[PDB]
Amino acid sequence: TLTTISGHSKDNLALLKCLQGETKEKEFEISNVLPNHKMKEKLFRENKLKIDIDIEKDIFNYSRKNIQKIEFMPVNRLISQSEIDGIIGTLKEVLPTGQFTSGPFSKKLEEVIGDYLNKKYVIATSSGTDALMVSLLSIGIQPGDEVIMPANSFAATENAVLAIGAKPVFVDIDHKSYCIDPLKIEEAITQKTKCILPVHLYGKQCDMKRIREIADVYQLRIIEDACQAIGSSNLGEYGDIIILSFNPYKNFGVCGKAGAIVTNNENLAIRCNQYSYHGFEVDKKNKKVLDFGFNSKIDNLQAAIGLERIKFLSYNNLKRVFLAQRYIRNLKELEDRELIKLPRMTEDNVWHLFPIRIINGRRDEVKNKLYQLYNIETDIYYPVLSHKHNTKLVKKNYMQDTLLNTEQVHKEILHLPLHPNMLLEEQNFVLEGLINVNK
C-alpha cells in the first residue's frame, strides 16, 4: 500500500501511472537522498504526495503558448534558473577554499553516487571517456587485447579501447532494444578477448543477466558503459565496473566534463584511483606505484556543481518518462499504419534519447521534410557506425565487418526531441508535424 520513491526508473514509472490516474490506489513516500531533492520539494508535502497534481499545468506549465520552431537539444534550455541560483550559492563557498583539484565535494559526490547505485567504491573522473580508459587499464587490458562492443554507440566507447592500444571487436545488436545482442557475443570470443563492453544506449539497459552468463563461462570482465543510463533501476547488478558520464547534456550533468567509475571490487577500485592520478599511491603524491597514469579525477568545483544539479535528477527523469509515454501514445497510429516503429515502455529506460524507426526507406525523407517544411529538428544519434568511419583504421581492419541488424536499423533510426524542460506545446508541435508529414 506504500511505495518509497528511490529516485530510479522503476518507481518513476509507477509514480507516473498514479499521477495519471492509471492506478490511483497506491500511496507514495519519497527517500531523502539528494537525487530526489527537487521531486520531494515539488510533488510532496510532509512526505506524502500532494493532492491533485496537474502534470500538464503544475509540472510542464502548459498555457497554450504558440510555437514556431523546435530545436533538438537547445543547450540554453537544459539548465534552469533554480539550478543556476544553487550553483552560484555553492561556488561562493567553494571558491574561497582554493581547493580546485581534489577536495571534499569530490568525496561527497562519490558517496552520493555510491549510495544511489548501491556500489561500494566510486572514483569521480574528469569525463566518462576517461573513466572508461582507466577502467580498462585497471582490469589489466594490454595492447592487442580484444574488447567486444556494439558498433552503434557514441565514439567515446570505441575510442577509449583504441586509446590504450586494445582492439574493438564489434557484435551486432538485437531487434528490440538497440543494445548488444547477447546471442552473438559468444561467437566473437577469442583467445585475445578480455572484456565485454555493453552500452546502455539511449537510456535503455542491455540484458546483463545473459551477458554475465557468457562472461562467467569464459572468465571475462564486464565493463558497462552506462553513460546515458543514470537513474535506471538495478544498474550494474551484473558488471565488474560501471561507467557513468556527467556531461552537461546527460540526464544528470555538471557544468563541464565529469564522469565516474563505479564498482564493488576493491582491487579494481584502488587501481582506478591510482591510474586516474599519475599512477601515484593514493594520497602519496609524487610516488608512483603503477607504470603511469592520467590526470583524470573530477574537479572539486564540478563536484560541487554536481551536488547541486543532481537534486533535479529524479524529477527530470520523471518528466522524460512522461514525455516518452506521450510520444508513444500519440504516434501509435503511425505504428498501426506500418509507417514507423515506436519504442515500448519498460521499467529500466531513463529516456535519455527517444528513438523511432521510419520504415520502407522513408527515414531521410521524413527527417528532411520535418526540418524544411515544419521547422522541427530531429537527429540521428549516431550518424556513422564504428566500422564505417572514413579512417585509416577502418580501411585497415574493419572493411570485412558486416553487422546486419545494426546496419539496417541505422537506415531507419530517428530521434525525437525529448528533454525535461521542453514545453508540452513544443512536443505537440513535433507530434503534429510527424502526423502531418506521414500522409
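Start at 1 and count along the sequence shown; that's the residue number.
Would 336-344 or 265-273 have the larger average of its C-alpha temperature factors, as given in the entry? According to the entry, 336-344 carries the higher average C-alpha B-factor.
I need to verify one thing: averaged over C-alpha atoms only, is the B-factor higher for 40-48 or for 24-32? Result: 24-32.
Candidate residues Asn286, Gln191, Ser233, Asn159, the one whose C-alpha B factor the record puts highest: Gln191 has the highest C-alpha B-factor of those listed.
Return the residue from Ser386, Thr378, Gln408, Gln400 that has the highest Cα B-factor in the entry. Top of the list by C-alpha B-factor: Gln408.
Among the chain's modelled residues, which third holds the C-alpha B-factor of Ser177? As the PDB entry reports it, the C-alpha B-factor of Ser177 lands in the highest third of its chain.
Which third, lowest, middle or highest, does the CA B-factor of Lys167 fall in along this chain? Middle third.
Classify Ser82 as lowest, middle or highest third according to the C-alpha B-factor given in the PDB entry, relative to its own chain. Its C-alpha B-factor, which the entry lists for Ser82, ranks in the middle third among residues of this chain.
Rank-wise, by C-alpha B-factor, drop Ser102 into the lowest, middle or highest third of its chain. Its C-alpha B-factor, which the entry lists for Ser102, ranks in the middle third among residues of this chain.
Assigned third (lowest, middle, highest) for the C-alpha B factor of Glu213: Within its chain, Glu213 is a highest-third residue by C-alpha B-factor, going by the deposited values.
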